[PDB]
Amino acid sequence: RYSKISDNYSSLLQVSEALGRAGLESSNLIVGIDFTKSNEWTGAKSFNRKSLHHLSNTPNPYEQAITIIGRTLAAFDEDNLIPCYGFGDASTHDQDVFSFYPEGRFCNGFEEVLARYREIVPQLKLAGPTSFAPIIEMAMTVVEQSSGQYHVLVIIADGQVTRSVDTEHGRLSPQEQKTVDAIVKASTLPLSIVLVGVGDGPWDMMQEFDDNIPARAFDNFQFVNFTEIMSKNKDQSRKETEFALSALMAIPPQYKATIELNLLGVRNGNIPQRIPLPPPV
């Protein structure tokens, strides 16, 4: 499906213009980066046995994903300010996020996101386990504080939410329970959630994850497998557009939904204010 579309897009500019014609207007970007220790070994097949956070003169999957999503959504960003958070390191585990800059200062453009990412990475202690509840809750807080302006949260992660040891008897882990609850609660806000999977995974349980999310007023969640798309044997510029479209083509209908539901521009009033920890640097 997305492959059939992207075959006719030669640049990210074309993808951006398409999102514009599909109804996307002023749109804000929030980025959450997975800093769990698993990043050390999930690059086995996908990244030459290097850490997914390994820095060099070639961008790692995080930098690549940021660049592609950043370039595509930049035209819709009126203030060009991108709240950025890390999670899954030793300072946050599955309980918190930390802001890329002290006092929660937003990054100025995706270029600064990239630069500041490279500054922070070598000073982190990677940990775990994996939950997306703190980063989704942080996004909720930002949306509410902005008085209900539309946001797209892009989570870039190298694993699914941590499962229960007793998952085979139908039990959810706290990480799963709180993450699913956050996804549902987020649908009461003008917020779209995109989970970008990098590394080896496994990612084969995501469609079933998606299928089991409880009923929401609109479908506010998308998973996209960066690795699978960028591993294809086809043109590089064409892999980029396919990724951008796969990650973002559902955003304009979601945006339209936040308008039809009258979520846009209003404060919900039931959003706990999550505080981001300082960057542990």
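Numbers follow the displayed sequence, beginning with 1.
Between 159-167 and 200-208, which has the larger average Cα B-factor in the PDB entry?
The entry gives the higher C-alpha B-factor average to 200-208.
Using only the C-alpha B-factors in the record, can you name which of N220, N28, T36, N233 has the highest?
Across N220, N28, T36, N233, the entry lists the biggest C-alpha B-factor for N233.
Quick check for you: using the entry's CA B-factors within this chain, is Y255 in the lowest, middle or highest third?
Answer is lowest: the recorded C-alpha B-factor places it there.
If you rank the chain by CA B-factor, which third does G32 end up in: lowest, middle or highest?
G32: CA B-factor falls in the lowest third of its chain.
Determine, from the deposited record, the chain-internal third of the Cα B-factor for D89: lowest, middle or highest.
Tercile = lowest for this residue's CA B-factor.
Among all modelled residues of this chain, ranked by Cα B factor, put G128 in the bottom, middle or top third, i.e. lowest, middle or highest.
As the PDB entry reports it, the C-alpha B-factor of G128 lands in the middle third of its chain.
When the modelled residues of the chain are sorted by Cα temperature factor, does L13 land in the lowest, middle or highest third?
For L13, whose C-alpha B-factor we compare with every modelled residue in the chain, the answer is the highest third.
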